[PDB]
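Peer 1: Experimental structure and sequence below.
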Amino acid sequence: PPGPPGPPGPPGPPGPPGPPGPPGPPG
Amino acid sequence: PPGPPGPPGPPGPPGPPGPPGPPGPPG
Amino acid sequence: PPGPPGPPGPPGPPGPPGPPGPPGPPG
Amino acid sequence: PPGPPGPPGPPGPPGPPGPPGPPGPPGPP
Amino acid sequence: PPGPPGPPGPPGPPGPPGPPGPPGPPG
Amino acid sequence: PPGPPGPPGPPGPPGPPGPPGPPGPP
């Protein structure tokens, strides 16, 4: 009979950078 | 025959989060 | 006998985006 | 008869971090 | 011959807390 | 004999929200 499934693959790549932060405080 | 190799394993889990975003603009 | 285990699965999906960047500098 | 099923696999990995908290409170007058 | 593989394991625990939010608005 | 163990479970849920940020300035 065939063998069982192989092991899981490696983790995926990192996600992208987050969005820009908010404006700084007013001058 | 021994049987054939089993099927591929499942995909790995999701990658880690991305880095923080860029700084915001000046106030 | 049984076949060997299968090959590894594929890499997982990308992670989520990172969090927002820090606030900009003051005006 | 092949044998009995194997046991359940190990727990998965932790989830990713939660979202950022809300902005802080306003500064003083 | 060996039995089939067991079922996938249980889910992992919740992730860690997110980061603090950004500073509040000026006084 | 028994088959091998299953693969790992799925990832857990996202964590809780972070705390509020600091106070703004005056």
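Peer 2: Arrived safely, thanks for sending. Numbering: from 1, shown residues only, chains lettered A, B, ... in the order given.

Peer 1: Could you use CA atoms for every contact and neighbour count after this?
Peer 2: Will do.

Peer 1: thinking residue A:16 is in contact with residue C:19, fair?
Peer 2: No: with contacts counted by CA atoms under 8 Å, residue A:16 stays clear of residue C:19, the gap being 9.7 Å.

Peer 1: Neighbour count: the two, which is higher?
Peer 2: Neighbour count, other CA atoms under 10 Å in any protein chain shown: between residue A:16 and residue C:19, residue C:19 has more, with 24 against 18.

Peer 1: The more buried one contacts residue D:17, correct?
Peer 2: No: applying CA under 8 Å, one finds residue C:19 not in contact with residue D:17, separated by 9.6 Å.

Peer 1: Now for residue A:6: which residues touch it?
Peer 2: By CA atoms under 8 Å, 6 or more residues apart in numbering or on different chains, the contact set of residue A:6 is B:6, B:7, B:8, B:9, B:10, C:5, C:6, C:7, C:8, C:9.

Peer 1: Next step: these restricted to helices.
Peer 2: The members of the contacts of residue A:6 all map outside helices under DSSP state H.

Peer 1: list residues touching both of residue A:16 and residue C:19?
Peer 2: B:18, B:19.

Peer 1: Which residues of chain A lie near chain C?
Peer 2: Contact residues, chain A versus chain C (CA under 8 Å from any CA of the partner chain): A:1-27.

Peer 1: Now which of those residues would you call buried?
Peer 2: A:2-25 (16 or more other CA atoms under 10 Å in any protein chain shown).

Peer 1: can you pull the contacts of residue A:22?
Peer 2: B:23, B:24, B:25, C:21, C:22, C:23, C:24.

Peer 1: Adding secondary structure, write the residues you listed out as JSON lines.
Peer 2: Below are the contacts of residue A:22 laid out as JSON lines (DSSP: H, G, I helix; E, B strand; the rest coil):
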{"residue": "B:23", "secondary structure": "coil"}
{"residue": "B:24", "secondary structure": "coil"}
{"residue": "B:25", "secondary structure": "coil"}
{"residue": "C:21", "secondary structure": "coil"}
{"residue": "C:22", "secondary structure": "coil"}
{"residue": "C:23", "secondary structure": "coil"}
{"residue": "C:24", "secondary structure": "coil"}
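
Peer 1: thought residue A:3 was touching residue C:1?
Peer 2: No: contact criterion CA under 8 Å: residue A:3 and residue C:1 do not qualify, at 9.2 Å.
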